[PDB]
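Undergrad: Got a structure here, written out as structure tokens. Questions coming.
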Amino acid sequence: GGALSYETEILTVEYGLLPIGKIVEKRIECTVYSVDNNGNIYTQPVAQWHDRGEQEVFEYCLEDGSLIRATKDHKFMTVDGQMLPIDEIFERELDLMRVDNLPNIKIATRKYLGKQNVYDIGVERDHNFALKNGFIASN
């Protein structure tokens, strides 16, 4: 289910906003944020840690100026809840759901950057988690 760059911060109950790459490089145990089948933001522990090592990373920039760094194989929870890869979100010009009831906005600009270290935590209940910008990623 793709991966996210070191600079991608994950909201956690144990500490707060911390870089996903440090959680996987140091195997840090913590709790994360996610919606249930009803749309209720609950909290759950990390199940496992996975490290891709180096994959094709693309810049993901928004209409507001928010800046995100991920692979074209990582899915993200759309405004309706669909788990589609960012390569397909750009083509349909679909928006992504937010935690803070922020205005949903599609990818303003995209380009290939190169081959950066990317990481992705694993989870038992639901393979998803919130982000610093109120976003939700899913594996």
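Chain labels follow the order of the structure tokens: the first chain is A, the next B, and so on; residue numbering restarts at 1 in every chain, and ligands are counted from 1 in their shown order.
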Check the DSSP output for the backbone and give back, as a list in words, the residues of chain A in alpha helix (DSSP H).

TA: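 So the alpha helix (DSSP H) residues in chain A would be residues 20, 21, 22, 23, 24, 25, 86, 87, 88, 89, 90, 91 and 92 of chain A.
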
Undergrad: Within 10 Å of residue 33 (chain A), counting only C-alpha atoms, which residues qualify if same-chain residues fewer than 6 places away don't, as a ChimeraX atom specification?

TA: /A:10-13,41-45,99,128-131,136

Undergrad: I need the chosen residues saved as a CSV table (one decimal), in the first residue's frame, with N, CA and C atoms.

TA:
chain,number,residue,atom,x,y,z
A,10,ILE,N,2.9,12.0,11.6
A,10,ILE,CA,1.7,11.3,12.1
A,10,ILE,C,1.4,11.8,13.5
A,11,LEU,N,0.1,12.2,13.7
A,11,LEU,CA,-0.4,12.6,15.0
A,11,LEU,C,-0.5,11.3,15.8
A,12,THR,N,0.0,11.3,17.1
A,12,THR,CA,0.0,10.2,18.0
A,12,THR,C,-0.5,10.7,19.4
A,13,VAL,N,-1.1,9.7,20.2
A,13,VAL,CA,-1.6,10.0,21.6
A,13,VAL,C,-0.4,10.0,22.6
A,41,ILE,N,-13.8,9.4,14.8
A,41,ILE,CA,-12.4,9.4,15.1
A,41,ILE,C,-12.1,8.7,16.4
A,42,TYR,N,-11.6,7.5,16.4
A,42,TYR,CA,-11.1,6.7,17.5
A,42,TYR,C,-9.5,6.7,17.5
A,43,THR,N,-9.0,6.0,18.5
A,43,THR,CA,-7.5,5.8,18.7
A,43,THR,C,-7.1,4.4,18.9
A,44,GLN,N,-6.0,3.9,18.2
A,44,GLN,CA,-5.5,2.5,18.2
A,44,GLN,C,-4.0,2.4,18.2
A,45,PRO,N,-3.4,1.4,18.8
A,45,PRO,CA,-2.0,1.1,18.8
A,45,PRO,C,-1.5,0.7,17.5
A,99,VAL,N,-9.9,15.8,9.0
A,99,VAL,CA,-10.2,15.6,10.4
A,99,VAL,C,-10.7,16.9,11.1
A,128,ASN,N,-5.1,2.3,8.3
A,128,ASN,CA,-5.1,3.8,8.0
A,128,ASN,C,-4.7,4.6,9.3
A,129,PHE,N,-4.5,5.9,9.1
A,129,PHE,CA,-4.0,6.8,10.1
A,129,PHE,C,-4.1,8.3,9.7
A,130,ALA,N,-4.4,9.2,10.6
A,130,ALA,CA,-4.4,10.6,10.4
A,130,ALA,C,-3.0,11.3,10.2
A,131,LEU,N,-2.9,12.5,9.7
A,131,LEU,CA,-1.7,13.3,9.4
A,131,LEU,C,-1.8,14.7,10.0
A,136,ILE,N,-5.9,11.8,5.9
A,136,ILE,CA,-5.9,10.3,6.3
A,136,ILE,C,-5.3,9.5,5.1

Undergrad: Which residues come within 9 Å of residue 118 (chain A), counting only C-alpha atoms, excluding same-chain residues fewer than 2 positions away, as number ranges by chain?

TA: A: 2-6, 20-21, 51-55, 57, 70-71, 115-116, 120

Undergrad: I need the residue nearest residue 18 (chain A) from this list: A:102, A:61, A:36, A:31. Use only C-alpha atoms for the distance.

TA: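 Selected residue with least distance to residue 18 (chain A): A:31.
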
Undergrad: Show which residues sit within 8 Å of residue 49 (chain A), as a PyMOL selection string. Count only C-alpha atoms, and ignore same-chain residues fewer than 6 positions away.

TA: chain A and resi 23-24+27+120-122

Undergrad: Take the residues from that selection and write them out as a PDB file, in the first residue's frame, keeping N, CA and C atoms.

TA:
ATOM      1  N   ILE A  23       9.595   6.628  13.519  1.00  0.00           N
ATOM      2  CA  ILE A  23       8.764   5.583  14.137  1.00  0.00           C
ATOM      3  C   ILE A  23       9.158   4.208  13.597  1.00  0.00           C
ATOM      4  N   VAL A  24       9.511   4.107  12.313  1.00  0.00           N
ATOM      5  CA  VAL A  24       9.900   2.843  11.668  1.00  0.00           C
ATOM      6  C   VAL A  24      11.407   2.559  11.773  1.00  0.00           C
ATOM      7  N   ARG A  27      11.575   1.832  15.555  1.00  0.00           N
ATOM      8  CA  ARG A  27      10.478   0.912  15.938  1.00  0.00           C
ATOM      9  C   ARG A  27       9.686   1.395  17.164  1.00  0.00           C
ATOM     10  N   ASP A 120       5.943   2.932   6.125  1.00  0.00           N
ATOM     11  CA  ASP A 120       4.513   2.703   6.337  1.00  0.00           C
ATOM     12  C   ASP A 120       4.289   1.773   7.538  1.00  0.00           C
ATOM     13  N   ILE A 121       3.674   2.300   8.599  1.00  0.00           N
ATOM     14  CA  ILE A 121       3.277   1.492   9.759  1.00  0.00           C
ATOM     15  C   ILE A 121       2.145   0.519   9.389  1.00  0.00           C
ATOM     16  N   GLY A 122       2.046  -0.582  10.132  1.00  0.00           N
ATOM     17  CA  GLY A 122       0.986  -1.583  10.001  1.00  0.00           C
ATOM     18  C   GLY A 122       0.046  -1.565  11.206  1.00  0.00           C
TER      19      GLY A 122
END

Undergrad: What does the distance between CA of residue 113 (chain A) and CA of residue 78 (chain A) come to in Å, to one decimal place?

TA: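 Those two atoms sit 23.8 Å apart.
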
Undergrad: Taking only chain A into account, list the residues labelled strand (DSSP E) by DSSP (computed from the backbone), as a PyMOL selection string.

TA: chain A and resi 4-5+9-10+18-19+31-35+41-45+48-51+55-62+67-71+75-77+83-85+107-116+118-122+128-130+136-138

Undergrad: Measure the distance from CA of residue 125 (chain A) to CA of residue 58 (chain A) in Å and round it to one decimal.

TA: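 Spanning CA of residue 125 (chain A) to CA of residue 58 (chain A) is a straight-line distance of 28.5 Å.
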
Undergrad: Out of A:83, A:96, A:107, A:32, which residue has the shortest atom-to-atom distance to residue 9 (chain A) when counting only C-alpha atoms?

TA: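 Nearest candidate to residue 9 (chain A) out of A:83, A:96, A:107, A:32: A:32.
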
Undergrad: What's the separation between CA of residue 97 (chain A) and CA of residue 19 (chain A), in Å to one decimal place?

TA: 20.9 Å

Undergrad: Considering only C-alpha atoms, state which residue in the set A:17, A:108, A:47, A:84 is at the smallest distance from residue 124 (chain A).

TA: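 Result for the nearest residue to residue 124 (chain A): A:47.
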
Undergrad: What's around residue 127 (chain A) at 9 Å? Count only C-alpha atoms, leave out sequence neighbours fewer than 6 positions away in its own chain, and write the answer as a PyMOL selection string.

TA: chain A and resi 121+137-139

Undergrad: With N, CA, C and O atoms retained, write the just-selected residues as a compact mmCIF listing (two decimals), in the first residue's frame.

TA:
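Full text of out.txt as output:
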# COMPACT_ATOMS: atom_id res chain seq x y z
N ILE A 121 3.67 2.30 8.60
CA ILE A 121 3.28 1.49 9.76
C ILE A 121 2.14 0.52 9.39
O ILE A 121 1.36 0.77 8.47
N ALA A 137 -4.20 8.81 5.44
CA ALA A 137 -3.55 7.85 4.55
C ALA A 137 -4.07 6.43 4.84
O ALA A 137 -4.43 6.12 5.98
N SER A 138 -4.09 5.56 3.83
CA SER A 138 -4.49 4.14 3.97
C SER A 138 -3.65 3.20 3.09
O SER A 138 -3.32 3.52 1.95
N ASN A 139 -3.27 2.05 3.65
CA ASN A 139 -2.37 1.06 3.04
C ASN A 139 -3.13 -0.02 2.24
O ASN A 139 -2.89 -0.13 1.01
